[PDB]
Every structure is written in C-alpha cells, then in structure tokens.
2 protein chains.
Amino acid sequence: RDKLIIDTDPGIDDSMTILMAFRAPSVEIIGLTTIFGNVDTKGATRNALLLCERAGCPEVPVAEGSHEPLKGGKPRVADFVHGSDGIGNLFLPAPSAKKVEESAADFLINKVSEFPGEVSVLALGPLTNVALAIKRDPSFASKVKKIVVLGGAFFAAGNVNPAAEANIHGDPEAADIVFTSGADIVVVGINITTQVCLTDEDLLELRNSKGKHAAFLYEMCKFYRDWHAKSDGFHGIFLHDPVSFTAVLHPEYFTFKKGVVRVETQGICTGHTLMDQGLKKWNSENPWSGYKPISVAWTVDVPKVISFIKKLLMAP
Amino acid sequence: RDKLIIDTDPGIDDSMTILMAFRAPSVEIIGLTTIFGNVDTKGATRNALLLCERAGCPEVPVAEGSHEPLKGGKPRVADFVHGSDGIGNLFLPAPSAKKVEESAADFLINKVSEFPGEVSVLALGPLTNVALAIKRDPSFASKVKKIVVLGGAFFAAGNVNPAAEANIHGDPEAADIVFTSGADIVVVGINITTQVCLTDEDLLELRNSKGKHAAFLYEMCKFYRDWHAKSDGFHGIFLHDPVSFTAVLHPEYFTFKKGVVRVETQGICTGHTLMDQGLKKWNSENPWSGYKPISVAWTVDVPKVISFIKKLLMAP
Ligand SMILES: O=c1[nH]cnc2c([C@@H]3N[C@H](CO)[C@@H](O)[C@H]3O)c[nH]c12
Ligand SMILES: O=c1[nH]cnc2c([C@@H]3N[C@H](CO)[C@@H](O)[C@H]3O)c[nH]c12
Ligand SMILES: [Ca+2]
Ligand SMILES: [Ca+2]
C-alpha cells in the first residue's frame, strides 16, 4: 500500500475523489489536510470529517490548514460552483469526529519526516499548506515521495478568468513556491481535466448503480452540474480532482512533458501558469532559467480514465 | 488599389515584406513609418529609405517614429536575429533619399484623416507609433480602415522568453492601448507564423530564381536563417512579417476568432498576449470585460500562403 496525504478544499469533485481514494486497495490514506477555495477552510474541515465518517474511517486524521493565502486577506469562495456548504447545499448534520491539534503544514512535515521517500501528496486546492511545509522545513522537498497537483491552465484559458485556474489563483505565491521547490512534482492542468467528463446520462447511470455512495454523490453533483450548464454550456460535470487521483495510481493513462513552471503573482495575469518546454535556446536568462523542471500532464487517455473513475464511484 | 501604411522596424523579414508590398498589384503604399525592435529607430529609417530606393520608389515617404517605448528608456534590439545594421550585416552604403519632417505618429493621423476609412495600417514592429496616434487623436482608431498586427503568442510560447513575443514585449503599454482602442484590428501571433517557413531548400530555390530582389533577399536571409538554427533548431526561416502582409490581401487563407485581447505590462509575464474567446459566461467582471473584441488569426492554409509569398519574391 502506497501512503497518501490528500490536501483538499471539499468541494464536490474533491468529495468524489476522497470517497474513491478510501475504496482504492493499493492506497493507504494517512490523512486529509484542509484548505480554502470551493468553501472556507472551516467548511472544508467539516466536509473532510464527514467524508471520513461516511467512508467508515473516522480514525483517519483531519488536519486544518490555512484560512487565507500567503499574501493575506479573506478569500473569495466558489459557492456558485459548490454551494454554500461546499457540497451542493445538502446542509448535513455536523460530524462527531474532531480534527487533530496540529496544523495541515505541521502534519505534512511530521508524516513526511516519519516516512522519508514513502509519502505521496495529492494537492486538490490552493497550495498554501504545501508551500508553508516547504518554507518551514527545507528537507521536505527531498523527503516527500511525489506531489501530484490539480491546478493551472497550460496554453489554455483559465476558469476564474481567461488567465487563471481557481486553485492557482487562490494562492499564486504558494503555487510558485511549490513549482520551484525541487520536489518530484506532477501538475494536471484544466487543459487536461476538461476533456474528462460525466454527461447527464453518466450521472443518471451513477444514481441507478449499486455504488456504496451513489445516492450521496448524485445529490452533490446536481448543483455542480447546473453551474457547468449556466457557465460552460455543458450538460454534465468536469472531473478535475478525480483525474488528478487517476494520475497518482495510473500515470500510464497520460503523457507528460518536463519543464520549469512559473506562476504570475501580480497584474491582470495573476494566477497564470506558464511552462518552459526547453525546446528553444534563449539568447539571455529569464524567470524560467536555473530551476529544476517538473512533469506537466500533456495528453490523457479519456476512455481508460473514465473507466477507472466510474468503477470506483459505482463499487458496492 | 487599397491604400496602405507599413509601420516597421526593418529588419530582415520586414525587408522581404516591404519589397513584396511594392510588387503587389492591389496595394498602394502611401508611406513607411519606422520603429525600434530589430534595430534602433534610426537604423530602421536608414533601411526603409534603402528599401524604397532598391524598389525604384525613392518618392514614397519615410516617417521616423519613436526612439523608445511609451514608458521610456533605451530599448534592447534583436541584433542577434537581424544583425548589427538590422539587415543581416550587409553594411550597405547610406541612402541618398531623406525621411519626411513629420513624425510617424503625425504621418499616421494626417493620412488616415485625409482618406477616412480608406487607409489600412500593417504593423510589423512594437506598436508605439500606433498607440501615440490613438492617444494624440482619439478618433484615429475609428478612421483607420484596418490595422493588421504581426505580434503576440496566443496559447503558445513567446520568442523573447516563454511568456512574450518580441513586438509586444518591445512596448507592452502600446500594444494594450492598440488592442483596446476599438479599431478594426486583425492580430497574427507567432502561434500562426511559425507554421509558415522557407526551408534551406526553399531559400536555395529563391537564390536560383529570376526574382527582382532574389540575390539581395538571399544574402540578407543568411544571418536570419542562422539564428533559427542556433535557437529554434530549425534549418530555415519563419516568415512572420510576410504572413501578416498575406492576411492584409488574402484574409481568406486564414480563419479568425473574435475576442477581447489584453496585454500584461508588469511581472514575469510582461508582454504576454491573452484573448478571451467569450465561450464561457464568467461569474464576475475581469480585465477582459467591456472592451470591443478584435480578430485573432486561428488557423492558416500553409500551402496557399507559401504559394502567394514565393510568387511575389520570385517575380522578375
Ligand atoms: O468552474 C469552477 N470555478 C472554480 N473552481 C472550480 C472547481 C474546483 N477548483 C479546481 C478546478 O479549478 C478543482 O480542484 C475543483 O475542486 C471546479 N470547477 C470550478
Ligand atoms: O527570434 C526572434 N526574436 C526577436 N525578434 C524576432 C523577429 C522580428 N520580430 C517579430 C517576431 O517576433 C517580427 O516582426 C520580426 O521582424 C523575428 N524573429 C525574432
Ligand atoms: Ca478541489
Ligand atoms: Ca518586424
């Protein structure tokens, strides 16, 4: 079993991912670390604790992270995407399970130091906790096995505005710290995940399936689906976070390109992710020079990824 | 005959374009306006005057433009792409023809005001003179028939650094003024022009042809081709400026997408061009909201464009 920490802002697609992850036999979830984005950090913690209970694992530690980005200020949340409670307005009763005392940043540092080169991190929201752990401990990047990030828009439009994807826009400084940390990083941009969908028919197939969490997953996805229709004009949902989980277990369902990634932190392009492919010899040095390259998902085998996601969601 | 002003920084591909333009029948070149970029403004004026003489038209007015970008400061020139003299180190004797007294900005306003909705502008370098014209006369944008711009990198890597294309990076503030002016604008990015090449074999075919300027064009192209081999790893040249001239006469050899274009003026992404395609309904307003969209070249019919360029370059 491969040790995994999920850094997340649940979140409708985050919740689908977490529930899938608990059903994956090759994976050992050693903890959930929470962040803002789809909902405030407190709302993310509440949902993560509820997901642990729903999965029959209330013993799995939940470590609350940062309430704001590194630059500060109360963050704007995607409630128009994920609902007021972050899970499509189900307004569920409060969990009995409680979060651990330590912060998400401290939990990440402790578990990575406890098991060097063994713990993988799946980043599903803004990268604040991951950046805090990199800054607080300089050996973190050498001790973490792999960091799989759902974030960015590589040579494609963003989803917050034309320039930026939501997770990166949520904390641009944190994303730039993570992408230049020298750790073994895999980034999956929305240029990849918007190709991997569940249509209205696929969602109905989920409702009618014998899946353990089928009824709950369908109720959540109703609000998520309606946003895609109003904004993207698509009758269904984009599987952003489940696709990044698929890259953890089955990287062979994708192709990757190596290259230095930088994040714009100011101006009209705040949150924009840009990769230097290294196929052109520049005349002079630039902000992409001297850093260690990372892996950027380039193509996706959509039927294989959809088959893997559907089998986990529809498992009894 | 359609009236045309060429705003240019000659420049090797600029020189190919200017010489093609003088041979093109459905066009009347009413003037050349010069700018920095490939070489300093004074060097661009010298080359433009030499091109008018070589074409047998020393009477065609040459109006010298801005020596530095809108924000000020001595500009960095692409002498590693176009040579010390701006024309591949041919070190030709000085022209006998002299430039006009008025600035490029004043010439642009005067000729567009003289013939409202008749004069087209082909922009081959940084957009400083065009922006100065828009700022000095706020009706300029509405009076120019069309502005065809060679510039930007749309959902592709830049050629200065991963973020920016050279002409836009030369004056980001000027490009942003032009793209938001409300004028009838057609932008041709390097995402289009890098698909339209002359290989080493094609250049040899040009040398062996009966073309009026074949010998001169080939000598000048030697330094230009060499940069492509050292930097891009391509044995030949990218026809950037001749392709934008092809978009003036034959826009039917391309497909275009309508959308608001903004330019980043600060940070690591200074000079980055980004278009909002308008295919997604945004939840809130952004820097792309409220402006008039422009036409962005999306695809190119490479054989048709190559055929048109080759027939002009190889005409006796
Ligand atoms: O349209 C959207 N706007 C903002 N955030 C999201 C999300 C969330 N943010 C990430 C994708 O931007 C992903 O992790 C998901 O949990 C999905 N769709 C949208
Ligand atoms: O590789 C390059 N770096 C900088 N400028 C140029 C140019 C010039 N600048 C424009 C394309 O960036 C184009 O108008 C041309 O005259 C060609 N190739 C390069
Ligand atoms: Ca998420
Ligand atoms: Ca030029």
Check your understanding: Taking residue B:126 and the conditions (1) within 14 Å of another protein chain (Cβ to nearest Cβ); (2) within 14 Å of ligand 2 (Cβ to nearest atom), which numbered condition does it fall short on, given that it satisfies the others?
Key -> (1)
Practice item. For the range B:225-239, enumerate the residues that are closer than 24 Å to residue B:91 by Cβ and surrounded by 24 or more Cβ atoms within 10 Å (Cβ to Cβ). Key: B:237
Review point. Any chance the range A:261-274 includes a residue that's of a type in the set (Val, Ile, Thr) and more than 23 Å from residue A:172 (Cβ to Cβ)?
Key: no
Exercise for review: Within the range A:187-207, identify whether any single residue is more than 10 Å from chain B (Cβ to nearest Cβ), free of Cβ contacts under 8 Å to residues at least 40 places away in the same chain and within 15 Å of ligand 1 (Cβ to nearest atom), and answer yes or no.
Suggested key: no
Point to revise | Hits in the range B:155-206 (condition: of a type in the set (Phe, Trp, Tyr) and touching a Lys or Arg at 6+ places or on another chain (Cβ under 9 Å)) | key: B:179
**Study point:** Within the range A:65-121, tally of residues that are of a type in the set (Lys, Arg) and closer than 16 Å to residue A:46 by Cα
**Key:** 2
**Study point:** Hits in the range B:228-267 (condition: of a type outside the set (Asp, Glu) and facing another protein chain (nearest Cβ under 9 Å))
**Key:** B:230, B:231, B:233, B:259, B:260, B:262, B:263, B:265, B:266, B:267
Exercise for review: Please verify whether the range A:272-290 includes one or more residues that are within 25 Å of residue A:18 (Cβ to Cβ) and surrounded by 20 or more Cβ atoms within 10 Å (Cβ to Cβ).
Suggested key: yes
Exercise for review: Pairs only if they're at least six apart or on different chains, beta carbon under 6 angstrom, first in the range A:164-183 and over 13 Å from residue A:262 (Cα atoms) and away from chain B (no Cβ under 12 Å), second near ligand 1 (Cβ under 8 Å from one of its atoms) and part of a helix (DSSP H, G or I); list them, first residue then second.
Suggested key: A:165/A:190
Revision key, fill the gap. Within the range A:268-301, residues being free of Cβ contacts under 8 Å to residues at least 40 places away in the same chain, more than 15 Å from residue B:159 (Cβ to Cβ) and within 7 Å of chain B (Cβ to nearest Cβ) number 1
Point to revise | Which listed residue, of A:85, A:2, A:79, A:13, is crowded, with 19+ Cβ neighbours inside 10 Å, acidic (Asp, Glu), touching a residue at least 12 places away in the same chain (Cβ under 8 Å) and at negative phi | key: A:13
**Study point:** Filter pass, residue A:178 being closer than 30 Å to residue A:144 by Cα and buried (at least 24 other Cβ atoms within 10 Å of the Cβ)
**Key:** yes
Check your understanding: Here are some residues: A:235, A:228. Which one is within 16 Å of ligand 3 (Cβ to nearest atom), without any contact (Cβ under 8 Å) to a residue 40 or more places away in the chain and more than 18 Å from the chain's Cα centre (by Cα)?
Key -> A:228
Review point. In the set B:47, B:38, which member is within 16 Å of ligand 2 (Cβ to nearest atom), within 17 Å of the chain's Cα centre (by Cα), within 14 Å of chain A (Cβ to nearest Cβ) and not in a strand (DSSP E or B)?
Key: B:38
**Study point:** Residue among B:121, B:144, B:130, B:148 that is of a type in the set (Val, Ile, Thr) and more than 21 Å from residue B:70 (Cα to Cα)
**Key:** B:144
Review point. Do you know which of the residues in the range A:99-122 that are closer than 12 Å to residue A:4 by Cβ and out of contact with any helix residue (DSSP H, G or I) (no Cβ under 6 Å at 6 or more places or on another chain) is nearest to ligand 3 (Cβ to nearest atom)?
Key: A:121
Check your understanding: Pick from A:53, A:59: which is more than 22 Å from residue A:126 (Cβ to Cβ), more than 14 Å from chain B (Cβ to nearest Cβ), in a helix (DSSP H, G or I) and away from ligand 2 (no atom under 16 Å from the Cβ)?
Key -> A:53
**Study point:** From the options A:157, A:141, residue that is away from ligand 2 (no atom under 16 Å from the Cβ) and within 16 Å of residue A:109 (Cβ to Cβ)
**Key:** A:141
Check your understanding: Quick one: in the range A:244-271, which of the residues that are out of contact with any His (no Cβ under 8 Å at 6 or more places or on another chain) and over 15 Å from residue A:295 (Cβ atoms) is surrounded by the fewest Cβ atoms within 10 Å (Cβ to Cβ)?
Key -> A:266
Review point. Can you find even one residue in the range A:88-108 that is in contact with a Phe, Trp or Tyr (Cβ under 6 Å, 6 or more places away or on another chain) and more than 30 Å from residue A:229 (Cβ to Cβ)?
Key: no
Practice item. Provide a single number: the residues in the range A:122-152 that are surrounded by 24 or more Cβ atoms within 10 Å (Cβ to Cβ), assigned to a helix (DSSP H, G or I) and among the hydrophobic types (A, V, I, L, M, F, W, C). Key: 3
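Neighbour counts run over all protein chains shown; Cβ positions are idealised from the backbone, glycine included. Quick note: the coordinates plus some simple rules give every number you see, no bench work behind them.
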